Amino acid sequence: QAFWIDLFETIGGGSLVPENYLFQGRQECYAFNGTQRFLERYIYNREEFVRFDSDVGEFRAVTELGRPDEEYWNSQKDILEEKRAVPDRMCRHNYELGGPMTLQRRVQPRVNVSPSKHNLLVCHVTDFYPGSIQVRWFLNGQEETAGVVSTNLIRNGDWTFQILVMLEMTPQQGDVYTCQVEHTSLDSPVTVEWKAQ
């Protein structure tokens, strides 16, 4: 039930003594086929100057600014041993912990079919998770592949996505257009119809 952190390393200033300065730190866990790779990044403003990579097993200077930090931190066998332990310690721990609510998170898409403001038919697929989604257009049961524009996958910033899929249509009376959405949160595909009239 508890997420684990590891403390960032200290760059000592020593003892001797609009305007803006920024420092950014990142602890990145890359999960892949059971494996865990850990990267610890030290950034001054937009400049990553030093980093720990589990595939290297030590700190390496990204720019000349991080040369004192590579030299110093690598001479501390205690720092190296705790960083090397991260993939199996926090990376693996947090990934297993945050499993049912993250990788096993499945939120169903809401589908709306409406003609545009070359007549265009808009399939607005909204509020779903994960991002991977299949949207297919059909006219009287036959799939329409040409004249189809799929927007970029839109991240809402609230743990949901949205996508707009539009088709170039030439509608006759009685024509039935169908937007078919397939997603990991759905047992059977979702189908929304539009009658030309």
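We number the residues from 1 along the sequence you see.
Colleague: Quick one: say whether 122 to 130 or 102 to 110 has the higher mean Cα B-factor in the deposited entry.
Modeller: Averaged over C-alpha atoms, the B-factors run higher in 102 to 110.
Colleague: Higher average CA B factor in the deposited record is what I'm after, so tell me if that's 54 to 62 or 164 to 172.
Modeller: The deposited B-factors put 164 to 172 ahead on the C-alpha mean.
Colleague: Name the one of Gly141, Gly147, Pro68, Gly157 with the greatest CA B-factor according to the PDB entry.
Modeller: Across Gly141, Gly147, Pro68, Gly157, the entry lists the biggest C-alpha B-factor for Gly141.
Colleague: Which third, lowest, middle or highest, does the C-alpha temperature factor of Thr10 belong to within its own chain?
Modeller: Bottom third by C-alpha B-factor.
Colleague: Taking the chain's C-alpha temperature factors as the reference, tell me which third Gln180 falls into: lowest, middle or highest.
Modeller: Middle third of the chain for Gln180's C-alpha B-factor.
Colleague: Quick check for you: using the entry's CA B-factors within this chain, is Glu96 in the lowest, middle or highest third?
Modeller: Top third by C-alpha B-factor.
Colleague: When the modelled residues of the chain are sorted by Cα temperature factor, does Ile43 land in the lowest, middle or highest third?
Modeller: Its C-alpha B-factor belongs to the lowest third of this chain's values.
Colleague: Ranking every modelled residue in this chain by its Cα temperature factor as given in the entry, which third contains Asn33?
Modeller: For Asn33, the deposited C-alpha B-factor lands in the highest third.
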